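What follows is a set of notes on a single structure, which appears directly below.
Every chain is numbered from 1, with letters handed out A, B, ... down the list of sequences. The basis for the numbers below is simple: all heavy atoms, side chains too, and nothing from hydrogens, waters or symmetry mates.
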Amino acid sequence: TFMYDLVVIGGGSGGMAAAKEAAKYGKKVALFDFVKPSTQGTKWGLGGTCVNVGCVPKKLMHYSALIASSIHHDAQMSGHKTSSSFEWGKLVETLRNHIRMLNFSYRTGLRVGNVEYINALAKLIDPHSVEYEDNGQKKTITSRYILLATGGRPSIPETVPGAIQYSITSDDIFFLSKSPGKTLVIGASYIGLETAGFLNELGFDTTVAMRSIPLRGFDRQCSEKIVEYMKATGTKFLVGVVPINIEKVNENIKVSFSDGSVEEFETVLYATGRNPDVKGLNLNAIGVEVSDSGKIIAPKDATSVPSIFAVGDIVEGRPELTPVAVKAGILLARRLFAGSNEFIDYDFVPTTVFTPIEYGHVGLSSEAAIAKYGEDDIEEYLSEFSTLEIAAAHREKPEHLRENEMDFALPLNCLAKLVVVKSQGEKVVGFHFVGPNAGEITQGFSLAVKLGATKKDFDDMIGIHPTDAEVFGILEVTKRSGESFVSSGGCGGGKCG
Amino acid sequence: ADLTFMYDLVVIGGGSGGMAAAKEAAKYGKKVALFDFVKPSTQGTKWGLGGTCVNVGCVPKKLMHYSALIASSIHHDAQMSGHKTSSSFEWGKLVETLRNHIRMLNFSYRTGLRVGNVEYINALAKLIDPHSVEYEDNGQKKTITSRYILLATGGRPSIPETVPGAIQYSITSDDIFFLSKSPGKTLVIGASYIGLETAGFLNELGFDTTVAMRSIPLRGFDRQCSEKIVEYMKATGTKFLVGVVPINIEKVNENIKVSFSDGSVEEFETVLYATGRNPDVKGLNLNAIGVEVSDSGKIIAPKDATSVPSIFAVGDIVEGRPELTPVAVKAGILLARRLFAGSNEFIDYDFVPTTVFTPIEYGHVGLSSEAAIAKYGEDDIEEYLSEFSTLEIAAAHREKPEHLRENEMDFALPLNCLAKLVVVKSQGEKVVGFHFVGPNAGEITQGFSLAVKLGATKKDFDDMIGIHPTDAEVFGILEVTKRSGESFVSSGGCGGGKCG
Ligand SMILES: Cc1cc2nc3c(=O)[nH]c(=O)nc-3n(C[C@H](O)[C@H](O)[C@H](O)COP(=O)(O)OP(=O)(O)OC[C@H]3O[C@@H](n4cnc5c(N)ncnc54)[C@H](O)[C@@H]3O)c2cc1C
Ligand SMILES: Cc1cc2nc3c(=O)[nH]c(=O)nc-3n(C[C@H](O)[C@H](O)[C@H](O)COP(=O)(O)OP(=O)(O)OC[C@H]3O[C@@H](n4cnc5c(N)ncnc54)[C@H](O)[C@@H]3O)c2cc1C
């Protein structure tokens, strides 16, 4: 009856994962991926946003930034007097070489996994039919099931003159042929703070235009600590201010702001948000229902058309993360072809923001815990402190950023916080860690929290010394107490005695 | 009864267990004295308050390892990350940074005892009777009496008296962190965690480094993880002499000539014994008081109570518990609460995570493959694993030193990570051992150690959402078993996780 069991539109995190899992059950699977060029003409190989213009290149640029920070702050104190100069084009070559190998690895992975990969834009014709172009000619294939996994693309405001013509996005930043120099980042999203963070660490003059608050939706205390640290290390923030006009003035971009100020930059990067890439799919003619944001309505991965499914960044009401796209794709394949009833538990989706000091969490912010349980049923335990290694190095604020002689130190690099429900025996409902290696620390704690750990389980946990992570075994200061949660000790996360 | 005693608690030893118990006791309004005095090392090194971890253990070790990691990043990663660097190492500068940090910790602990209402006496104490301790103050020996006495004197490095020249010419972990002259070409004797950590950081800092290993690396630890560490250390330039120990150590000019048990001879600038540590209890007068010791010299106190019921012990001197700072600290705190606050709480010794801070680190909790197979039988065990590279490290294409190359193709360091779960099939693949070799292994292991203590199964790991990109996310996607015999090697470049 159908040429295929499953046709996947999109060769990113969710699409590649669903397609390969489906083919393991002996099913006939096709996958389409084609990269429409960015607003500045950037394009790239198979594997989607994470592989090409997301998690992978972002993590490599952050690693370069952490090396720059250790050479500047730490190396001499560790006995390694080091002079260095940064070559943007060399970091870009390293990123491009690594991503080019991943492109080929994913191409081979689909073929070996018995998935037919077609490098073409696909569009829906009917609930069982997909159209694409091959060598001039439009062809149709039929499938029992169709998965939409086309992800998102950066948003640039149409209502700001010159924004679309002169600005770059995350689609362009990792591959720029020339260093960005003096840079404006618009948006205090995780993408904007990560990007501003690594550009400032690499030595670029960096400004963030923040419409309101940093990391809207994340814990306020952790979000503000990140901004405090970024400011102390040289990122400038324009608070409550957005570009209204962008023009080329000689070799620079002249930006006019919503408060009447004007400033020239070499690079202007929009990191405001991402829109789901669905306008080309012909959703309205097929009867696939979309929300007011343009995302697909598919709370259990099933669209309004029962033969059409969706996972990843295009689906309303789920976090835009690689592991959530991957796991949704795999579990969908198992429900379709292996009689699984398994769904992701969306209450336990940990995440990490790779800012100059990183931020990992799972469960509820202080604000969401207070909203759900009430202030009286919540205890917040916290400690702000320095990594042992970093404390010994005596990191100092750049001279130009000091308010006075007293303002010499960087802020403490770590904040550990547990959010607990008193009526459930101080069950942990929120875990928060700001500091180095925050993703590495949060991963295992996120499983402990998912399994129902209480404050008592944390207090009875034997520490690994010396680590930052061991701090979670010895939290005692509460927000309610109003006592100082600052530790000026030098043994790091843990107690030497 | 208590009215006959000057103190509620007298603590002998101002290290991890002693300072923790003393301060916890004083929080309940009890009258507490603490003795600490540092007998100089076999090479005359001495230091301030705070014990082995603060002065000559975890703290200086972690700072030297951080310096080693910086050296490795500059050498292997910086240019690939776009940072063209020139660098040189000054041993004296690293030692100054350690000494400044440790001097501030000495001062901070001195302050913390005073503020915490603990009377600190800088003198050696010894037992007189079950309620009495003696020390010297300005020539004169004084006695103080106490309801309870805590012994927390820790250990000191062991050097074999039966090896001629060993005691005269060798240094130990007591000396290495403060040497006035950089160690140069160095022999480390012992493939203990202390020996491999010390050899690891000296090699990373650029010293010609040899380990003399009597038998196996990291005896008592998982064999597969221990062998992976030695493979990595060899690939980065540490030389291993297997089944060979020094039998003679002699001065020849400015160098130390070492004669080995196999008839080989080699000259070094520095010889460091990292064979083991003996409990420092010989001066406490334990025999006359009736405090029972094992044949190793450790105090018998499985619940912290010695054979004398007014005398307690915690930390490295107690038979049958791990020699770790957090186990000393937690034991001292819980002892103080059981004595003065009606607590019933003891450490659960089944879940004591640890990390070896080798050039690639190794964290674990629960059972090795060997102990799980010994306890449950091979047929009831599954081992799931993945060997792989950290994303950022894979992108850097780290290379072996030229002297270790065997061909055009032999360029790469080994993969830096190994993740392993040891599960019991009959208990629904309950996890009984967690193992991670790689960067940040202590940071990764801490949280997983709580999940394992709470009874996590393979299914709980498989249903855990990963944080991407991390090494730790690999624990959500383990599928290759040892039993399968299939390759557990991943040569992909997305790191711990799958991008699709
Ligand atoms: C700068 C940045 C950093 C990020 N960092 C992280 C991070 O550290 N951790 C993390 O977990 N997540 C991160 N993310 C998010 C992550 O990249 C996404 O959540 C994830 O890639 C979404 O997967 P997906 O399957 O929904 O789609 P994508 O991976 O976006 O793949 C969709 C694919 O479909 C293609 N396509 C679109 N329309 C069609 C069509 N009609 N026919 C054919 N092909 C089509 C696209 O070109 C693309 O290749 C980051 C994102 C960005 C932008
Ligand atoms: C090189 C090295 C690295 C280590 N790394 C780590 C690590 O990374 N993580 C970890 O958890 N553990 C580590 N350890 C172990 C850790 O240092 C110990 O487990 C811990 O310090 C033991 O605490 P304690 O209370 O038993 O005694 P100690 O901390 O050893 O303190 C005992 C104190 O008592 C004093 N003393 C002895 N006799 C007397 C007396 N009669 N009167 C008065 N004072 C006396 C001693 O001088 C000393 O100050 C390491 C050890 C070494 C040697």
Side-chain angles (χ1 to χ4, degrees), chain A residues 3-24 27-38 42-57 96 98-124 130-134 139 141 143 145-154 170-171 174-175 274 276-281 296 301 308-315 320-330 332-333 336, chain B residues 468-469 492-494 497-500:
Chain A
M3 301 167 76
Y4 294 84
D5 298 299
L6 177 66
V7 170
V8 179
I9 308 184
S13 293
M16 284 194 303
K20 282 180 300 193
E21 187 75 358
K24 286 177 34 159
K27 299 306 163 169
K28 195 166 183 220
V29 185
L31 184 147
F32 296 92
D33 195 65
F34 184 99
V35 181
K36 295 176 294 290
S38 82
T42 309
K43 64 209 201 158
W44 54 80
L46 179 64
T49 299
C50 164
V51 170
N52 295 280
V53 291
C55 338
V56 168
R96 287 226 258 168
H98 195 257
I99 292 163
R100 187 186 296 122
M101 176 275 179
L102 288 172
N103 301 144
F104 281 113
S105 171
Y106 284 120
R107 192 183 314 177
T108 291
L110 293 185
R111 189 183 63 246
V112 166
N114 199 40
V115 177
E116 175 179 10
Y117 164 48
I118 304 158
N119 179 215
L121 286 179
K123 180 186 150 137
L124 296 171
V130 171
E131 182 188 294
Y132 66 101
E133 214 190 84
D134 188 38
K139 306 185 170 178
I141 62 181
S143 190
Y145 309 118
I146 299 164
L147 174 61
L148 303 184
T150 50
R153 294 297 288 274
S170 65
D171 282 358
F174 298 121
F175 305 135
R274 293 179 65 82
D277 184 16
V278 298
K279 285 311 214 318
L281 286 180
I296 296 178
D301 311 329
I308 303 176
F309 296 88
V311 304
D313 284 3
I314 64 178
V315 182
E320 297 182 15
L321 297 168
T322 273
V324 181
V326 171
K327 188 164 295 292
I330 291 173
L332 171 63
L336 287 174
Chain B
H468 187 66
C494 268
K498 49 166 147 69
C499 297

Side chain to side chain, [X] and [Y], heavy atoms closer than 4.5 Å:
{"X": "A:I330", "Y": "B:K498", "answer": "yes"}
{"X": "A:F309", "Y": "A:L336", "answer": "yes"}
{"X": "A:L110", "Y": "A:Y106", "answer": "no"}
{"X": "A:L124", "Y": "A:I146", "answer": "yes"}

**Item:** A:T322 side chain vs B:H468 backbone, donor-acceptor pair below 3.5 Å
**Value:** no
**Item:** side-chain hydrogen bond (donor to acceptor under 3.5 Å, both in side chains) against A:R100, all qualifying residues, sequence neighbours excluded
**Value:** A:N97
**Request:** Report the residues that fulfil side-chain hydrogen bond (donor to acceptor under 3.5 Å, both in side chains) with A:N114, sequence neighbours left out, ordered by chain and then residue number.
**Result:** none
Set of salt bridge (charged side-chain N to carboxylate O under 4.0 Å, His left out) partners for [X], sequence neighbours left out:
{"X": "A:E133", "answer": "A:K138"}
{"X": "A:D277", "answer": "A:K36"}
{"X": "A:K24", "answer": "A:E21"}
{"X": "A:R107", "answer": "none"}

From [atom1] ([X]) to [atom2] ([Y]), nearest 0.5 Å:
{"X": "A:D171", "Y": "A:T49", "atom1": "CG", "atom2": "OG1", "value": "7.0 Å"}
{"X": "A:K28", "Y": "A:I141", "atom1": "NZ", "atom2": "CD1", "value": "8.5 Å"}
{"X": "A:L281", "Y": "A:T150", "atom1": "CG", "atom2": "OG1", "value": "5.0 Å"}
{"X": "A:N103", "Y": "A:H98", "atom1": "CG", "atom2": "NE2", "value": "11.0 Å"}

Non-neighbouring partners of [X] that pass side chain to side chain contact (heavy atoms under 4.5 Å, CB included), sequence neighbours left out:
{"X": "A:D33", "value": "A:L31, A:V35, A:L46, A:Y117"}
{"X": "A:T42", "value": "A:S38, A:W44, A:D172, A:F175"}
{"X": "A:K123", "value": "A:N282"}
{"X": "A:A22", "value": "A:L6, A:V29, A:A333, A:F337"}

**Message:** Holding to disulfide bond (SG atoms under 2.5 Å apart), I want the full list of residues that pass it with B:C499, two or more places apart in sequence or in another chain.
**Reply:**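 Partners of B:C499 by the disulfide bond (SG atoms under 2.5 Å apart) criterion, ordered by chain and then number, come out as B:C494.
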**Prompt:** For A:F32, which residues count as a ring-ring contact (aromatic ring centres under 6.0 Å, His included) partner, sequence neighbours excluded?
**Reply:**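 Applying ring-ring contact (aromatic ring centres under 6.0 Å, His included) to A:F32 gives A:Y132.
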